[PDB]
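Presented below, as structure tokens, is a lone chain in the form solved without this ligand.
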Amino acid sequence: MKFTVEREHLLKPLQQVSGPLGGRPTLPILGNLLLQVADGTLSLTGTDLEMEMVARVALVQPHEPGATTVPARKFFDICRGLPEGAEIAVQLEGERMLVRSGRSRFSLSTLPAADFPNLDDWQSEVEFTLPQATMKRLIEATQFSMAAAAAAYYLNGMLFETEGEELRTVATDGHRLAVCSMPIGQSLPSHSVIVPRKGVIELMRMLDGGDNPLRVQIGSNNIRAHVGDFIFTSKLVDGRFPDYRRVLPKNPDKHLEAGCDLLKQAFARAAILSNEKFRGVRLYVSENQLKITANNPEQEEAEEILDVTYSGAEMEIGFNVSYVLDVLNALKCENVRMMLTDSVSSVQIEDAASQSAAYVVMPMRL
């Protein structure tokens, strides 16, 4: 195995394929990347046994085919540390891989390619293309509502659902839910899969900001996304996502509309004096007005009064203010609409201008 490549052709690929890796790896091979030279191309692969990210790098200087694995973060730091435009030459030598650029020389310890984990081949059931921007919208709109380490495995993931001309994402942690749907311009079979939380992070990481479209393929147990010269593949979370469609409030008649940033800043201040553990705030809605109040066990109190659009019955309802702030922070909009039912029922929140995304937050005791 031998190649020589300019530093910057290697740097973004290396940065990307280190993502599946941790601090200390569970076992040494998992802290390595696989390097393969075949058909004029260097391919670099990182894996965590659940997903893999592969980057392909065209080679325009002389090379010899072969494969090995080397410590990912050491190899990346070497490459990042060399001067702009350095030429980096690599040669496999059994138990070590040698790297040379100008008069800088490194020897890294290898483990055999044959021993690098190789996710199994699989068959796609659906395939589509979409703008990178659409995928970014779909993930950003919902990612925050994923569980961080729930007992219920299925909540530590994001649902992707194709249905007709729409792609939709759903995330929930048992307490709040987010759902976003976007037009695909393509007619698709009904599919519903759970992408693992690390997979979602990686999908996000791989989007650059260009009009290279994203190509997605979904199978019974796996998903793959190709952008430019990067291909991400993950196994799916085996499980049935709960049916959130039956969780959206049925007849949520009390409509409040207000400025998103005005609400956000008001909640943000009220939160200072909320219980630091339980984070409860009280909303009192009345004719064209919202009053937000917080207090903590030490009897400190905040109160914010805002003008809003509201004509329903007065009601008072408590919410975890961090859940509310997460939604307002995800909505990127001028005005928000909250749809209320009664003091013991969840609220649905949406951008006033769009039904693309909906958020449901269960209320809390105070």
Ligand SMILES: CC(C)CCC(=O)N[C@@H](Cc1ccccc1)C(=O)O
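Sequential numbering from 1, following the sequence displayed.
Beyond what is shown, the protein has a form deposited with this ligand bound; the following relates to that form.
Just one of 97, 270, 177, 139 comes within 4.5 Å of this ligand in the entry with it bound, counting any heavy atom, and that one is 177. Only one of the listed residues (155, 92, 266, 216) places a non-hydrogen atom within 4.5 angstroms of this ligand in the entry with it bound, and that residue is 155.
Residues 132, 201 and 209 are none of them found to lie within 4.5 Å of this ligand in the entry with it bound, as judged by heavy atom distances. A residue is said to contact a partner when one of its heavy atoms sits within 4.5 Å of a partner heavy atom; residue 346 meets this definition for this ligand in the entry with it bound. Mapping the unseen interface onto this chain, residue 360 counts among the residues with a heavy atom inside 4.5 Å of this ligand in the entry with it bound. Using a 4.5 angstroms threshold between heavy atoms, residue 242 counts as touching this ligand in the entry with it bound.
When this ligand is considered in the entry with it bound, residue 172 lines it closely, a heavy atom lying within 4.5 Å. From the list 221-229, 184-192, 110-118, 242-250, the contact stretch for this ligand in the entry with it bound under a 4.5 Å heavy atom rule is 242-250.
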